[PDB]
Each structure stands twice: as C-alpha cells, then as structure tokens.
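First the structure, in the form of structure tokens, and then the observations on it.
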Amino acid sequence: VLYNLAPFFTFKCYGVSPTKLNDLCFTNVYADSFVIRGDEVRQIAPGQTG
Amino acid sequence: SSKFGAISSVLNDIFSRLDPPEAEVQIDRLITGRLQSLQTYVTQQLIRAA
Amino acid sequence: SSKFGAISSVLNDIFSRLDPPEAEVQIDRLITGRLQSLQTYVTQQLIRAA
C-alpha cells in the first residue's frame, strides 16, 4: 500500500532493498517525520554535512 | 566470525536483505577472504610436514 | 608508503576528503593489504628458519 504515489522520487535504502522489504522481520521500528525545503532532501545521508 | 568488511558474517543474511546486483560485491569480499584464510592454513601444514 | 589500491597512503587524509559512508570500505582495503604484506614477511622466515 506504500506504492500509491508516482513521484516517490527518493525511496533508495541503505541497509535493505525495496524488493526484500516484504520478506523481512523487524525487531522494532520508528517513524520520524518533518517538512523541509526541496533543496535539503539530499542533505539527509550518513555523514552528509550541510 | 570475521566480517572482512561485509555487513554480516552469515551468507543467508546478505541475500535476504538486499538485491542481487549489490550482493555480488559484498559476498566477493567474503569469499576472497575466506579463501585466503584457507590458503594460509595449508601453507603452514607444508612447513610442519617438512 | 605504497597506496595498495587506495587513494592515499596516510590515514588522516582518508577521513578528510570523502563521505563517512565510504570511509569504512576505503580504509578496509588498506588494512587487508598491509596484513597481506605482513603475512608474506613471516612465511619467508619460516623457510629461513628451516
């Protein structure tokens, strides 16, 4: 049900892959959310300063 | 137990969490390390046999 | 002094001009090479001690 919008322009993942997400078994999850400008989307990566 | 730079030390976790085009370089680091650890073992037995 | 396929032979420059997500695998190439060159030196001493 996540795949509903067409312009999901950032969905790449670091430790997992979108194909294997439905066959895994997570210990616990958290969902953090915020609203930023469009230029700062690439500023969220491990070690990516900005 | 040594990871050799891979994200895990068990081969059934690399294939179950990420795609095939990325595991070809993750597991290649594990194979060329475990093959090196077996070549060091045999080359010490030739010394002991001599 | 040899780079062993890395970008530099000094450890301080590795953690300066590249992303923190790549710094783990970049310096891991160098430690395996130096451990390989240390494995070559010892296995010549086992022959010489015979």
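Each chain in the structure tokens gets a letter, A, B, ..., in the order shown, and its residues are numbered from 1; ligands are numbered from 1 in order too.
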Where does chain C meet chain B within 9 Å, residue by residue, with the nearest atom pair and distance in Å to one decimal for each, counting only C-alpha atoms, listed by chain and rising number, as CSV?
```
residue,atom,partner,partner_atom,distance
C:24,CA,B:5,CA,7.8
C:25,CA,B:5,CA,6.5
C:28,CA,B:5,CA,6.6
C:29,CA,B:5,CA,8.8
C:32,CA,B:4,CA,8.6
C:39,CA,B:40,CA,8.7
C:43,CA,B:44,CA,8.4
C:46,CA,B:47,CA,7.5
C:47,CA,B:47,CA,7.8
C:50,CA,B:47,CA,8.6
```
Counting only C-alpha atoms, collect the residues of chain B whose closest atom lies at most 12 Å from chain A, and write them out as an mmCIF file with C-alpha atoms, in the first residue's frame.
```cif
data_model
loop_
_atom_site.group_PDB
_atom_site.id
_atom_site.type_symbol
_atom_site.label_atom_id
_atom_site.label_comp_id
_atom_site.auth_asym_id
_atom_site.auth_seq_id
_atom_site.Cartn_x
_atom_site.Cartn_y
_atom_site.Cartn_z
ATOM 1 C CA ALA B 6 30.849 -7.206 4.769
ATOM 2 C CA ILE B 7 27.740 -6.121 6.639
ATOM 3 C CA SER B 8 27.279 -9.612 8.100
ATOM 4 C CA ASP B 13 21.509 -12.610 5.567
ATOM 5 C CA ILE B 14 23.202 -10.910 2.604
ATOM 6 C CA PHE B 15 20.855 -12.478 0.047
ATOM 7 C CA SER B 16 17.730 -11.984 2.184
ATOM 8 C CA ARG B 17 18.135 -8.229 2.778
ATOM 9 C CA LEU B 18 19.453 -6.728 -0.462
ATOM 10 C CA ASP B 19 19.258 -7.243 -4.206
ATOM 11 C CA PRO B 20 21.394 -9.486 -6.392
ATOM 12 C CA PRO B 21 23.259 -6.682 -8.173
ATOM 13 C CA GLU B 22 24.682 -5.436 -4.857
ATOM 14 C CA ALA B 23 25.486 -8.766 -3.170
#
```
- Taking the DSSP assignment computed from this structure's backbone, write out as a count of residues only all residues of chain B that belong to alpha helix (DSSP H). 34
- Message: Report, in Å to a single decimal, how far apart CA of residue 27 (chain A) and CA of residue 11 (chain B) are.
- Response: 20.1 Å
- Message: If I take CA of residue 9 (chain B) and CA of residue 30 (chain B), how far is one from the other in Å, to one decimal?
- Response: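 Computing the Euclidean distance for CA of residue 9 (chain B) and CA of residue 30 (chain B) yields 8.1 Å.
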- Query: Just how far from CA of residue 3 (chain C) is CA of residue 31 (chain C), in Å to one decimal?
  - Reply: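 Result for CA of residue 31 (chain C) versus CA of residue 3 (chain C): 10.8 Å, one decimal.
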